[PDB]
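# Structural features, examined
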Amino acid sequence: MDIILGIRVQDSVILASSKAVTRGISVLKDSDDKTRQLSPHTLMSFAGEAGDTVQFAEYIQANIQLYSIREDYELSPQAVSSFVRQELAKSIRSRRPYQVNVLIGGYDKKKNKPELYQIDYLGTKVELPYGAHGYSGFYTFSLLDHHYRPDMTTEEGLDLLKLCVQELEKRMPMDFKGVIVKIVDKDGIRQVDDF
Amino acid sequence: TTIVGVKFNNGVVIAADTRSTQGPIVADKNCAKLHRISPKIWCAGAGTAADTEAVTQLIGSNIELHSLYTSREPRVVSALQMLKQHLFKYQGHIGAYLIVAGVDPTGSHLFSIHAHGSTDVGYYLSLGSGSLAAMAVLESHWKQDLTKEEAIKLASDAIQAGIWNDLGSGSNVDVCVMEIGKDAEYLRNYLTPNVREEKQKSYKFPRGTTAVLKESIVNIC
Amino acid sequence: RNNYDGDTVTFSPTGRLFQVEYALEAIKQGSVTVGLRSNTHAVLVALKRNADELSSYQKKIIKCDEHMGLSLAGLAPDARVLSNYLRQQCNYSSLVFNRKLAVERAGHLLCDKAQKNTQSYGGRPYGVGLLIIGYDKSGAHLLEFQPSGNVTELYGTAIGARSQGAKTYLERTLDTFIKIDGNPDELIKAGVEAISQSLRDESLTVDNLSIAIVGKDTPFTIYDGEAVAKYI
Amino acid sequence: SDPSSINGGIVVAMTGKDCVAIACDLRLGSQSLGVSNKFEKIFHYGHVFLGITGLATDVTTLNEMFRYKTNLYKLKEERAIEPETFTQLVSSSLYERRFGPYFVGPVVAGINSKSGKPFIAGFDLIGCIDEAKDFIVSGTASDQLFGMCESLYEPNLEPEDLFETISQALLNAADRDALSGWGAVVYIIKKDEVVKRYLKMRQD
Amino acid sequence: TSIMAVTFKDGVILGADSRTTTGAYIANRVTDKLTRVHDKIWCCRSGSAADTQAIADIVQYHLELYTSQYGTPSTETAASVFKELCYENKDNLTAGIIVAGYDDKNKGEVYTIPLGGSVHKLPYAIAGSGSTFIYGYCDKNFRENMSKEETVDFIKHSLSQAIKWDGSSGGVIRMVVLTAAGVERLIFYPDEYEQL
Amino acid sequence: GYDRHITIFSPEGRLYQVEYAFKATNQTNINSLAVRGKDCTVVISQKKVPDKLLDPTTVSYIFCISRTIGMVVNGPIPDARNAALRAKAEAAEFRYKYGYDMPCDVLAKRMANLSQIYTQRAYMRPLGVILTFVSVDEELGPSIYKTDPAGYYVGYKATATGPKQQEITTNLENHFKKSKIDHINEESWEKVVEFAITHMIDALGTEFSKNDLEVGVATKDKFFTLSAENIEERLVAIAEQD
Amino acid sequence: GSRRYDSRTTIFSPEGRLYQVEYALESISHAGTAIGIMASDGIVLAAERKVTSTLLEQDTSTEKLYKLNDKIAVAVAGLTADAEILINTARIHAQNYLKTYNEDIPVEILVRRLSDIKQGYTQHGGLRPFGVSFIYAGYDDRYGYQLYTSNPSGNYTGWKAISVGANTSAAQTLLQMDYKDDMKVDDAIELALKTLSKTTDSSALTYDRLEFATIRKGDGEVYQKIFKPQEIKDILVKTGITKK
Amino acid sequence: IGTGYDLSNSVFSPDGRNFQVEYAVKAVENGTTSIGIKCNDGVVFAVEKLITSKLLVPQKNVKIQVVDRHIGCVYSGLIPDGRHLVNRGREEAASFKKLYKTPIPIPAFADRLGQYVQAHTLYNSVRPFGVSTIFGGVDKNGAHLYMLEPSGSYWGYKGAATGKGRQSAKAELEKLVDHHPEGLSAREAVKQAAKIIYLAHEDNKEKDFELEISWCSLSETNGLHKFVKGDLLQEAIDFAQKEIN
Amino acid sequence: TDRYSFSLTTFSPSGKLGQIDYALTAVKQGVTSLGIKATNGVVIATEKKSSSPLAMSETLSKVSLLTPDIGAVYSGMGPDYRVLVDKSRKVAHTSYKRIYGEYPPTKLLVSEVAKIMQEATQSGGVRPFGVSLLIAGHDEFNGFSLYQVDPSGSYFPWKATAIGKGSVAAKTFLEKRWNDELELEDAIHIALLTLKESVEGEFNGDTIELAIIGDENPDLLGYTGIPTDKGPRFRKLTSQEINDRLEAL
Ligand SMILES: [Mg+2]
Ligand SMILES: [Mg+2]
């Protein structure tokens with residue numbers, strides 16, 4: 001599957017997503033952004049079955065932007081995560097469920113705290129300092145359990161993500177054509193120019 | 001499970017075991033399987049225990065409403081018909097197999113209903129896993145014009161056969177007697193032959209045995 | 001009349017339905033059309049009404065099948081709905097039973113379709129009257145349909161403003177036009193003469209006249225414009 | 001695979017003299033890959049506690065729904081719900097989806113505020129109420145918990161002895177299950193005091 | 001299951017066994033397989049017990065309504081009701097029903113409704129699991145306009161042979177006789193028909 | 001205003017359409033009475049066939065609902081037959097769903113609840129009929145239960161309905177005040193029919209022939225209407241009395 | 001058919017006003033007087049119970065003050081049944097928001113939901129609007145303490161201190177005379193009690209005829225105190241309006 | 001006390017009447033004459049068709065309608081309402097035959113039509129039927145003739161009549177009932193119905209008329225409903241034309 | 001086709017709902033009923049007015065059992081009260097018993113009936129209920145209680161009250177004669193006196209109806225063996241008991 005990784009440090013939240021989307025036996029695109037900005041301080045990365053991913057992500061994005069415009073207020077990452085897990089839980093028991101797994105990285109301004117939520121397509125939600133969906137966890141979770149610290153900086157988290165990407169490129173059969181890295185902090189969401 | 005029903009000259013008795021099995025594991029060592037449809041109409045359930053409980057509660061509620069509407073005593077044939085139609089509407093997807101007995105202004109009645117909507121009547125009936133042992137006892141000891149005590153003993157012996165010879169049934173025996181002139185008497189744990197033996201050792205741990213990381217009080221008011 | 005002309009759901013003390021009568025009056029205001037028939041052919045002639053001299057003459061004849069059609073007098077959209085229902089009925093007959101719909105059965109169907117509006121609250125009776133010509137296995141047929149539901153089979157008739165002139169003409173000319181067999185042009189001339197009899201200060205022009213002809217060995221055919229110039 | 005065996009987890013409730021106990025493991029994982037060690041499985045509404053094992057999304061959905069229902073119950077009745085009423089509510093809610101069930105194994109514990117009686121009950125995925133006085137078990141290590149409880153439990157013990165017994169049972173049952181462990185919490189509930197203790201255990 | 005219905009001079013007689021089995025186990029050895037849908041219109045059932053019982057209940061309801069509205073229904077009316085029920089629900093029904101009725105206008109009549117909902121009027125009809133074993137015998141012994149006693153004996157012999165050969169049939173032989181005198185119930189125990 | 005047109009409350013708090021249905025009940029100009037025997041129940045109704053072109057056998061206001069329940073209707077025959085069809089359907093549905101014959105009082109309560117629905121919902125008008133159900137219920141015995149367009153229903157030892165209902169009611173009241181019992185202490189139903197016919201003769205002050213009466217008798221598990229010949233036999237037995 | 005009997009509840013007057021809205025407002029003007037005052041350290045609600053009898057049980061009766069959730073409460077002026085229906089729907093919507101977001105619902109969102117329901121009743125369906133006016137007292141973590149008002153018209157507003165029901169103009173004038181932005185909860189209780197005692201139609205203001213409630217901070221946790229009859233009597237005798 | 005009780009259907013006047021039903025009856029009284037006569041083993045129906053103009057095709061625009069294969073129906077009043085009613089009756093008979101196989105009994109069919117017409121007087125959203133219907137036929141219990149009113153009231157008659165000349169027709173019908181206790185013959189019933197139509201035409205003597213006859217008899221029509229046409233029609237019409245003078 | 005989708009009860013320009021006031025008038029014109037709450041039970045009473053002595057008094061029950069611990073009486077239109085009692089019996093199961101496994105408390109059942117009547121006052125094509133209800137009940141958490149429900153959908157608790165014709169005189173009598181220490185039998189006697197004041201015809205055990213929500217009757221349970229289950233507290237009084245207490249008066 002696609003590479004969806006996320007880490008929560010003391011001052012920001014970093015999300016990494018694979019750039020490769022392949023259909024059939026051909027890598028169709030090598031510069032794909034698998035993230036949707038829900039709010040100026042809350043980003044969501046997504047991966048799963050073709051079609052369902054973009055549709056579900058943009059649906060959640062439209063709902064979040066509608067709520068933001070209505071109340072002139074940015075929803076906390078916890079409320080957005082609960083909303084998304086409820087939508088996925090309603091989906092799985094519908095006629096045709098959404099098969100999309102998401103990572104929500106946000107900055108709660110009311111608490112000045114970084115929050116990372118992992119939600120699978122079944123509607124299961126957790127708050128983790130580092131998370132992943134698919135086979136990425138099997139490689140990266142040992143490295144994070146070993147090296148990750150709660151008081152890490154953004155650059156240290158970027159180094160940890162680079163180590164994870166190197167381990168993935170080394171011990172994975174799929175060529176995911178690198179990753180796109182985005183950092184969410186008090187100044188909003190930004191994308192690393194080159195990784 | 002093992003449930004039986006036996007009619008006697010002035011009423012009807014039902015009996016059951018008290019053991020619910022979650023697969024091969026005994027979940028409850030004293031699960032009462034006698035359910036009350038009406039104050040004088042009882043039944044015993046087998047199969048999907050949740051389905052039996054649900055259908056019995058639904059039919060009992062509707063029967064109470066029917067009795068309040070008609071201002072009459074509930075009839076066993078009414079419970080029979082309602083249960084049969086409800087179970088037939090779902091084509092056996094409600095895995096409830098019931099033995100329904102009762103007394104009403106029309107006399108004493110004992111029927112059995114299967115999950116697909118079938119119903120049969122008789123003087124002695126048995127359902128469940130150990131139903132065969134109980135049925136053997138019923139075919140070996142039943143006679144016409146049974147007394148109250150004779151029917152009670154027959155039902156108890158049938159449930160004992162189902163308890164000892166069938167692995168699906170065990171523990172104690174619950175009985176419910178419904179006579180024409182008196183109130184129904186519900187004997188919970190009529191016989192207690194499987195009382196557990198005393199353990200060889202008391203396993204009280206010395207306080208502090210468990211490793212505790214963090215303790216905190218949570219607010220409940 | 002007063003308190004009993006609010007809807008088609010209320011009877012009058014004398015037993016009248018004033019909304020249906022108002023619909024019949026709406027028919028009367030419509031332009032005059034007249035139909036006649038013989039044992040071989042059936043002809044429908046119609047004068048279309050222009051609002052002003054720059055307005056076009058509204059086609060008042062509608063083809064329902066290759067063997068049956070009608071002419072309208074009154075509200076055009078109600079005529080459209082009724083003719084579409086009749087087209088669907090003929091199509092259903094031809095498709096399901098490989099059988100041309102009988103004119104009498106089509107009349108019964110139009111009767112019921114009009115009655116279903118004159119008994120239920122809401123909506124309204126139709127504001128159009130129809131003259132249906134057809135040629136089926138029973139021969140030629142002419143029907144007059146009113147929105148009250150009464151459909152009557154006639155040798156010749158007319159509806160619209162001052163239709164009584166052409167009606168009494170056809171009544172006088174019955175023995176003549178009922179036996180014009182084997183010739184369409186003479187029956188068309190008779191219908192033209194009737195519609196001329198029912199005219200005041202107006203003259204039949206190539207624009208005002210519309211003809212429809214059905215019969216044996218002839219499908220339902222419409223003649224407009226120069227096609228009617230032979231009968232002017 | 002098996003819906004109830006995807007996330008794992010275990011809950012066990014026990015009863016003692018004027019007290020109850022409810023303990024649960026902290027593991028949440030996708031099959032073999034454990035993903036979170038901070039997934040508590042015991043929730044509380046008023047003075048009635050509810051542990052839920054099985055598919056984690058259904059656990060969370062049931063927690064939120066029962067919170068909803070108990071809040072409306074408190075607003076309408078102007079009183080907190082009792083463990084028996086909440087047990088009946090859980091049973092009815094589980095049966096309401098008989099043909100599309102929730103892959104859960106709820107376990108209710110508490111002490112009735114008026115009677116003071118310790119009450120525990122268990123449910124299957126369709127609401128069948130197992131009202132046993134000794135102990136209720138649920139989760140992937142249900143057989144190990146059954147053995148531990150049948151061996152260790154004896155009635156009418158003080159809350160401290162009850163804590164020791166239920167903690168030993170939960171720990172030695174989780175250490176025999178691959179899908180359980182990664183931390184454990186134990187609630188000791190007495191008429192007017194609820195204590196919550198985290199346990200130290202092997203982290204594999 | 002072994003059911004039959006025979007018309008004779010004085011009316012009709014329906015006969016059946018009393019053995020209902022779940023596989024190889026005698027679930028009920030005292031089953032009344034003759035069900036009354038109207039005062040003088042009865043039916044023998046075979047197949048899914050629940051399906052046949054439900055069809056009989058609905059037919060009895062419809063016949064009671066027919067009696068309340070337009071008077072006593074004929075045997076053909078109950079046969080057509082059974083036929084409509086079995087045919088319009090053929091995809092979810094497993095029932096074979098022999099409907100026998102006596103009215104003063106048409107004397108006695110026997111209709112049979114096999115799977116698929118079809119309906120056929122016969123002087124005598126046989127159906128059920130054991131029916132096969134007694135086909136030829138019946139065709140060699142049935143006669144028109146028999147007396148009551150000889151008709152009872154014919155039905156007894158046929159059902160005894162069916163019970164002896166078929167393991168799915170047994171118990172006692174239950175007969176319902178519909179005549180101008182009314183409804184008569186006969187029961188014949190094993191010792192009577194086994195000795196035959 | 002329009003409070004007199006639909007089933008809403010007037011400023012006085014009265015439903016005028018209900019009262020007008022009550023008034024319409026007497027449109028047939030026919031009286032009826034019901035009495036209870038020792039083990040039977042008898043209803044007598046005035047049979048009036050004015051036009052001789054009518055088939056007098058097709059003129060009836062008594063209906064056989066079920067095998068046990070009979071119902072005599074005071075009011076126009078369209079609403080009478082409507083209520084009859086509804087009552088037969090309800091009795092059959094009850095027998096099907098609950099496994100026993102619908103009791104008299106239960107059918108009366110159901111029809112009264114339907115009348116109440118008519119009394120509270122504007123889209124339906126009450127039926128201008130008064131229904132008297134009679135049976136021999138297994139749990140109760142001889143049963144007479146009457147319902148009206150107001151949704152009200154109640155059971156009687158004996159009852160009367162019609163234009164001269166007041167007179168017949170007062171007569172029956174007087175008789176049951178003299179006998180001090182709640183039923184006619186007669187074993188045979190023919191004598192109870194004769195009693196009812198005699199008291200109707202006394203109340204209405206007119207003599208009847210066998211073509212002026214409709215008799216319905218309900219006994220244990222059978223309700224049946226008497227033929228003109230049996231009615232004439234009862235009238236002859238009455239003429240030979242004191 | 002039934003067109004003659006249609007009252008047409010959702011129509012505009014030639015001036016541009018809804019008949020049923022004005023008539024329900026008139027009905028509410030005949031109802032009890034409810035007053036909310038928002039002080040810098042809490043919110044207070046006080047209402048006058050119309051029903052009076054020696055045999056009425058005031059302890060278990062709460063006709064004017066209701067609980068929407070644990071952090072929002074309401075005072076009702078008008079028909080008690082319509083009010084209870086709307087309050088049940090409001091509780092349901094609040095619990096739905098809580099289930100969806102795991103966060104308590106803000107006050108303005110609930111008020112706007114109820115007001116939109118009322119507006120829908122004054123625009124479609126051809127039904128009578130709820131003859132109920134609401135005073136919402138709430139606290140959320142964004143705007144803090146909030147006092148809102150809603151009427152059958154479906155419009156809602158925010159106030160520092162406001163009253164609905166009977167004698168609205170005189171009560172508002174008295175409040176405007178005696179209101180200050182720096183006052184505290186006890187001063188607000190005094191002001192509301194005095195305004196009620198001066199705008200009441202009864203002889204004297206007794207504890208049986210009124211209800212009181214306070215949303216306070218007593219911790220970082222807000223609390224709703226619904227005043228029991230004895231507490232109402234004590235606050236009455238303390239302010240001097242009544243005597244022991 | 002009050003006014004305007006006649007402006008809405010199913011509204012009870014203070015006396016206890018439904019004035020819309022009586023207005024529909026007024027509408028049926030304006031209609032043409034139609035009669036039905038029950039003989040020994042069947043029924044006969046006859047109707048007068050007003051010749052508005054001689055442009056009308058004779059023997060067409062039939063008024064009597066056949067239901068199932070054994071029921072005849074004629075109606076006076078608003079002809080389209082009669083066609084609606086016979087369509088509903090055909091649907092009822094089709095359902096009855098589908099469920100019960102036996103052709104619908106005449107009392108059952110009468111009760112069906114009566115319940116339909118009655119339900120058309122229960123709601124102010126529907127207009128009562130503007131026709132009075134004389135129908136019937138032969139079933140296993142014999143011959144049956146019924147007449148149904150816009151109120152939903154229907155009865156079994158020995159003879160029935162409705163329309164402008166109904167009274168005269170009714171009088172003649174009574175004479176028949178008075179002068180034939182044993183019963184009429186099917187052919188004699190047809191002849192007498194022709195006579196009665198010619199007699200009742202005198203009230204509508206303003207315009208010419210055309211007689212239409214049908215009959216359903218066990219011996220003469222084998223139980224089926226058949227139009228009286230050809231030689232028998234001419235015989236009955238000559239009988240009536242001779243008896244008129 | 002039902003086209004009565006518009007509300008029949010609307011607001012008048014004076015600020016009153018006309019149909020609700022008319023239903024209250026119809027209630028005031030109904031036979032007087034009353035209720036009195038005591039320390040250990042509540043009593044409900046009314047007059048069983050018979051139009052004709054041919055009618056049987058038992059065939060018309062104004063007191064109706066809702067739940068084994070909740071009974072009700074009415075004043076106003078009989079049939080509306082009957083349909084309300086049927087709907088209340090149904091909602092007591094379909095809304096509370098089939099969910100929580102127990103009979104609903106008094107206040108919740110009263111609120112449900114009030115919701116029914118409010119919908120009656122607002123729904124399209126429906127008139128309000130011309131009935132006022134006095135519902136007596138007992139639950140384990142609220143003790144004994146007596147509530148009154150009006151056509152408008154409002155409901156309120158009462159230590160003692162009455163409604164109907166003699167409402168004002170009965171209420172004034174109850175105000176002077178009620179105390180918080182009153183026992184059940186004293187409340188029964190006071191109810192008998194108040195009803196006697198409000199009756200013009202015969203006043204005996206066969207003409208008046210009276211019921212009590214008091215102690216539990218295990219003999220009226222119909223089954224024995226379950227000590228947790230207790231008998232119903234609702235009990236209708238027999239004619240003999242009423243006549244005995246009247247003769248003692
Ligand atoms: Mg065993
Ligand atoms: Mg482990």
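Residues numbered from 1 in each chain as written, not as in the entry; some residues may be left out. Chains lettered and ligands numbered in written order. Part of a larger assembly, values for the part shown. Heavy atoms only, no water. Residues with missing side-chain atoms left out of burial classes, pairs and counts.

- This deposited entry lists X-ray crystallography as its structure determination method and 3.42 Å as its resolution.

- As recorded in the PDB entry, chain F goes by Proteasome subunit alpha type-1 and comes from Saccharomyces cerevisiae.
- In the PDB, the entry goes by the title "Yeast 20S proteasome soaked with MA9 crude extract".

- The PDB entry lists chain B under the name proteasome endopeptidase complex, with Saccharomyces cerevisiae as the source organism.

## Thoughts on the overall build of chain F
- Within chain F, the secondary structure is distributed over 6 helices and 10 strands.
- Looking at chain F alone, contacts between residues at least 24 apart form 64% of all its contacts between residues at least 6 apart. (Helix = DSSP H or I, 4+ residues; strand = E, 2+ residues; numbered from the N terminus. Contact = heavy atoms within 4.5 Å.)

## Focus on the overall build of chain B
- The number of helices and strands found in chain B is 4 helices and 13 strands.
- On the principal axes, the C-alpha backbone points of chain B span a range of 65 × 45 × 35 Å.
- Restricting to contacts in chain B with at least 6 residues of sequence separation, those with at least 24 account for 62%.

## Here we look at the environment of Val 192 of chain A
Residues and elements named next belong to chain A.
- Structurally, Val 192 is set in the segment after β12 (188-191).
- Look at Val 192 and you get partly exposed, because its relative accessible area is 24%.
- Separated by 34 residues in sequence, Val 192 and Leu 158 have C-alpha atoms that sit 9.8 Å apart.
- Contacts of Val 192, omitting those with residues within four sequence positions, involve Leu 158, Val 181 and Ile 183. (Buried < 20%, exposed > 50% of the residue type's maximum accessible area, 1.4 Å probe, protein only.)

## Re the sheet that holds strand β10 (residues 223-224) of chain I
- Reading across the sheet, the 6 strands line up as β10(B)-β1(B)-β2(B)-β11(B)-β12(B)-β10(I) and stay open at both edges, with mixed pairing between neighbours. Strand pairing shows two members of the sheet lacking a second neighbour, β10 (124-128) of chain B together with β10 of chain I, which therefore form its edges.
- Running over the sheet, helix α3 (residues 131-141) of chain B touches β1 (2-8) and β10 of chain B and is turned about 165° from β10 of chain B.
- Seen against the sheet, helix α4 (residues 148-165) of chain B touches β1, β2 (11-17), β11 (173-179) and β12 (184-191) of chain B and runs at an angle of roughly 165° to β1 of chain B. (Pairing = 2+ DSSP bridges. Axes fitted to C-alpha atoms, helices over the stretch in contact; angles between N-to-C directions.)

## Here we look at the arrangement of the chains
- For chain C and chain F, which are not in contact, the least C-alpha distance works out to 14 Å.
- There is no contact between chain B and chain H; across them, the least C-alpha separation is 23 Å.

## A closer look at helix α5 (residues 189-204) of chain F
Residue and element names in this part refer to chain F.
- The end-to-end C-alpha distance of α5 is 22 Å, a good match for the 22 Å that 16 residues give at a rise of 1.5 Å each.
- Residues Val 192, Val 193, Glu 194, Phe 195, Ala 196, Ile 197, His 199, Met 200, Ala 203 and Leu 204 constitute the buried set of α5.
- Looking at the packing, one finds that the buried side of α5 touches β1 (32-36), β2 (40-46), α4 (165-179), β9 (213-219) and α6 (228-239).
- Where α5 terminates, the next one or two residues include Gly 205, which has phi positive at roughly 65°. (Expected span 1.5 Å × (residues − 1).)

## A closer look at the coordination of the magnesium ion (ligand 1)
- At the metal site, the magnesium ion (ligand 1) is ligated by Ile 163 of chain B (O) and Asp 166 of chain B (O), and these contacts range over 2.1 to 2.2 Å.
- Take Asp 166 of chain B: its relative accessible area is 17%, and that puts it in the buried class. (Donors = N, O, S within 2.8 Å, 3.2 Å for Na, K, Ca; no water.)

## Thoughts on the sheet that holds strand β8 (residues 107-113) of chain E
All names here are of chain E.
- Here 5 strands make up an open sheet; going across it, the order is β5-β6-β7-β8-β9 and the pairing antiparallel. This sheet does not close on itself; its edge strands, each paired only once, are β5 (34-38) and β9 (120-121).
- Packed onto the sheet, helix α1 (residues 49-70) meets β5, β6 (41-47) and β7 (95-103) and runs at close to 25° relative to β5.

## Quick look at the pairing of strand β1 (residues 2-8) of chain E
Residues and elements named next belong to chain E.
- With respect to burial, β1 is a largely interior element, 7 of its 7 residues being buried.
- What you see with β1 is no split at all: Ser 2, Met 4, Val 6 and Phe 8 on one side and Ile 3, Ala 5 and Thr 7 on the other are buried throughout.
- With 5 bridges connecting them, β1 and strand β10 (residues 124-128) associate as antiparallel partners. Bridge pairing links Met 4 to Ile 126 in β10.
- Where β1 and strand β2 (residues 11-16) come together, 6 bridges link them in antiparallel fashion. Residue pairing for β2: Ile 3 is matched across the bridge by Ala 16.
- Two successive antiparallel strands, β1 and β2, enclose a turn made up of 2 residues.

## Remarks on the nonpolar core
- By size, the foremost hydrophobic cluster in this structure holds 78 residues, and its most contacted members are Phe 133 of chain F together with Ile 213 of chain H.
- The biggest single contributor to this core is helix α5 (residues 186-200) of chain H, with 9 residues.
- Apart from residues no more than four positions distant in its own chain, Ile 213 of chain H is found in contact with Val 44, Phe 45, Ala 46, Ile 64, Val 190, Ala 194, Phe 227, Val 228 and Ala 236 of chain H.
- Ranked by size, the runner-up nonpolar core spans 55 residues in total, among them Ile 3 and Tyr 148 of chain A together with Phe 86 and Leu 94 of chain D. (Core = buried A, V, L, I, M, F, W, Y, C linked by side-chain atoms within 4.5 Å.)

## What to know about the environment of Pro 80 of chain H
- Position of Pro 80 of chain H relative to the elements: it lies in helix α2 (residues 79-100).
- Sequence separation between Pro 80 of chain H and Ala 46 of chain H is 34 residues; the distance between their C-alpha atoms is 19 Å.
- Apart from the residues within four sequence positions on either side, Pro 80 of chain H is in contact with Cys 111, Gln 115, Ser 148, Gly 149 and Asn 150 of chain C.

## Concerning the packing of aromatic side chains
- Within the structure shown, the criterion is met by 55 aromatic pairs over all chains.
- When the centroid spacing of 5.7 Å and the interplanar angle of 55° are considered together, the rings of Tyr 4 of chain I and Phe 6 of chain I count as tilted. In terms of burial, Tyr 4 of chain I and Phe 6 of chain I fall into one category: buried.
- Grouping aromatic residues by their ring pairs yields a cluster made of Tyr 67 and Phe 83 of chain A together with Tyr 97 and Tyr 101 of chain G.
- A cation over a ring is seen here: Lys 230 of chain C above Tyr 223 of chain C, with NZ or CZ 5.5 Å from the ring centre. (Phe/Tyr/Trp six-rings, centres within 6.5 Å; stacked < 30°, edge-to-face > 60°. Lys NZ or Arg CZ within 6 Å of the ring centre and 35° of its normal.)

## Describing the pattern of salt bridges
- Taken as a whole and judged by the stated rule, the model has 87 salt bridges over all chains.
- Residue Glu 19 of chain F is joined to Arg 14 of chain F by a salt bridge in which the shortest nitrogen-to-oxygen separation is 3.5 Å.
- For the salt bridge of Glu 185 of chain I with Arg 245 of chain I, the shortest nitrogen-to-oxygen distance reads 2.7 Å. Of the two residues, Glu 185 of chain I sits in helix α5 (residues 184-197) while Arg 245 of chain I sits in helix α6 (residues 239-248), which places them 60 residues apart along the sequence.
- Owing to a relative accessible area of 27%, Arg 245 of chain I belongs among the partly exposed residues under this scheme. (Salt bridge = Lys/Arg side-chain N within 4 Å of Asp/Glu carboxyl O.)

## Section: the interface of chain G and chain I
- On the side of chain I, 34 residues touch chain G, which itself brings 34 residues to the contact.
- Joining chain G to chain I, the criterion identifies 0 salt bridges.
- For the side of chain G that touches chain I, the secondary-structure elements that each account for two or more residues are α1 (19-29) and α2 (80-101) of chain G.
- Grouping the constituent residues of the side of chain G that touches chain I by class yields 12 nonpolar, 15 polar and 7 charged. (Nonpolar A, V, L, I, M, F, W, Y, C, P; charged D, E, K, R; others polar.)

## Section: helix α2 (residues 76-97) of chain C
Residues and elements named next belong to chain C.
- Spanning 22 residues, α2 covers 31 Å between terminal C-alpha atoms, matching the ideal 32 Å at 1.5 Å per step.
- Listing the buried residues of α2 in full gives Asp 78, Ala 79, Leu 82, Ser 83, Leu 86, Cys 90 and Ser 93. Here the buried residues of α2 occupy an arc of 130° about the axis, which is enough to place them on one side. Exposed and oriented more than 90 degrees from the buried face of α2 are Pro 77, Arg 80, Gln 88 and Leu 95.
- Buried residues along α2 sit in contact with β3 (61-63), β4 (68-74), α3 (103-115), β5 (128-136) and β6 (139-145).
- Positive phi appears at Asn 98, one or two residues downstream of α2, with a value of about 50°. (Arc of directions from axis to C-beta.)

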